[PDB]
């Protein structure tokens, strides 16, 4: 269903209040840990020597309750950036005190406001609390989509509201967030409590928050409409945002008094649940992409490494891609054996990297479908997978299939091939070294032979995700370069991100490769027009391949093959995030580089600013030949 809490700034009895909100179906309570009005003096006598207690006792709840049900709140008088020095000092002292109490209590989260532009000293104090013990507890920064000054009623005769359009200005609240998090050096403990108003801003303003670490959405009772039966409800545009936010799995917080007085506060929560269960449904693929959202993975290197049984099992788990392969071979067979020559003509079909035989089985289904005759070679360098193959061939395929336990670049074949078939492609196409492997094998392909696939193309797109930037940054390891995390690609179901530009083709390969001298090295320059203010954090990679003629496979979103959504895209990080102003072009440069020993990518951004070249001479990342 939905994870939801109640926001209160009045708790007479913490016991009854918590009990009440439980009966109303709230998972947790946001409340002050000190009385919001109880302003404290730390430096000046006599109020400094105010007898205590300074707040209510930890003993009033279980450690478990404090740990799970309670989100603390900074008292609203606390103004660390106050221009008034005595207020600044008392607010520094009080903020430390209240944060130290939430740590004392074991609170899972604590709410702090970003309610103006300058929160420098507030960030400096929070950073201090974070750098005082390693603790897990989250800090939810309460920021509004729309600054209060731009929300205010136009009811001041001599202070009219500026009704003029303001692209940058309407985005001021994100800049408040950006500056705070940047000062606190992207602490994983600091996330966004996004506060929504009755008036949503422009879609550009909402888009600003796409890649940001949103843990909580705050819905005032104010923003809720009333149906005929007098139930609380939301505008379709509000409802669209909820459906957007459910995808990011945020916790919803209900703030304000009951305005639908006939009905209980169950009413507001009832509505959210109603939206949850009745949400535009996803797909099996989104169920396939189940728990992998923004989960960073090492790209598989099935050449340099021998894949495990369950790796092959997952490759086999999506039948559709093999049905595509079956179809490409079927078509190629009919184009090569006239119906007159069906029984005289038996084609030599070689599966190059046969794994546990899915392409072998697809090749066989294709031949019986075409009613045409094939001899099969199953070539596989992974001797563990040869075990699976040789049991299959003994038990089922028989002597039609000759299993070969060899690297296709070393193998001396007894005869030349009509058709070579392979699945040597990664999420960035050539990133498993299909080029080098098939190049080594082509000397044993007939002069009129077909490679399936005949072609593949990598695509790139610039993306924004402060979330994934932090994920990568967090992948530092001992005994290597402290920044090697950023100079290697990751396979990942990119989820909390913004794609800043349409994907552009990067590198393309063709098989057979007729070039008299063959260079699989590449240098490509891409220009991505960007129509929004944003921060570049890296580049999403995808691929398309032509198996045969019109039969293709793609993970490129615009051309995505059906059923192949368990096959995730790739991410090329950059070390330093890059600010991009609307109307600017992002220019990225990519190299595919090689030795006898290793193939690697190097990459740089040249616009709107220059990055360092990432992964120079494969220092951080190579692919084994």
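Numbering follows the first chain given and starts at 1. Think of the rigid core as the biggest set of C-alphas that the two forms share within 1.5 Å after superposition.
S.K.: Just give me the stretch that moves more in 6 other deposited structures of this protein: 415-423 or 430-438, judged by RMS C-alpha distance after a core fit.
M.R.: After superposing on the rigid core, the more displaced stretch in 6 other deposited structures of this protein is 430-438.
S.K.: Can you check whether 272-280 or 490-498 lies farther from the displayed model in 6 other deposited structures of this protein, averaging C-alpha distances as RMS after superposing on the core?
M.R.: Larger mean C-alpha displacement, comparing 490-498 and 272-280 in 6 other deposited structures of this protein, is found in 272-280.
S.K.: If you average the CA temperature factors over each stretch, which comes out higher, 258-266 or 469-477?
M.R.: Higher mean C-alpha B-factor: 258-266.
S.K.: So 447-455 or 536-544, which one's hotter by mean CA B-factor in the entry?
M.R.: Higher mean C-alpha B-factor in the PDB entry: 447-455.
S.K.: Going by the entry, which of 299, 357, 106, 232 has the most elevated CA B factor?
M.R.: Largest recorded C-alpha B-factor: 232.
S.K.: Looking at 505, 80, 213, 133, which has the highest CA B-factor as recorded?
M.R.: Across 505, 80, 213, 133, the entry lists the biggest C-alpha B-factor for 133.
S.K.: How does residue 51 rank on Cα B-factor within its chain, lowest, middle or highest third?
M.R.: Lowest third - that is where residue 51 ends up once the chain's C-alpha B-factors are sorted.
S.K.: Going by the CA temperature factor in the PDB record, which third of the chain does residue 392 belong to: lowest, middle or highest?
M.R.: For residue 392, the deposited C-alpha B-factor lands in the middle third.
S.K.: Tell me, lowest, middle or highest third: where does the Cα B factor of residue 34 rank within its chain?
M.R.: It belongs to the middle third of the chain when residues are ordered by C-alpha B-factor.
S.K.: Would the CA B-factor of residue 67 place it in the lowest, middle or highest third of its chain?
M.R.: Its C-alpha B-factor belongs to the lowest third of this chain's values.
S.K.: Grab the CA temperature factor for residue 411 from the record and place it in the lowest, middle or highest third of its chain.
M.R.: According to the entry, residue 411 has a C-alpha B-factor in the chain's highest third.
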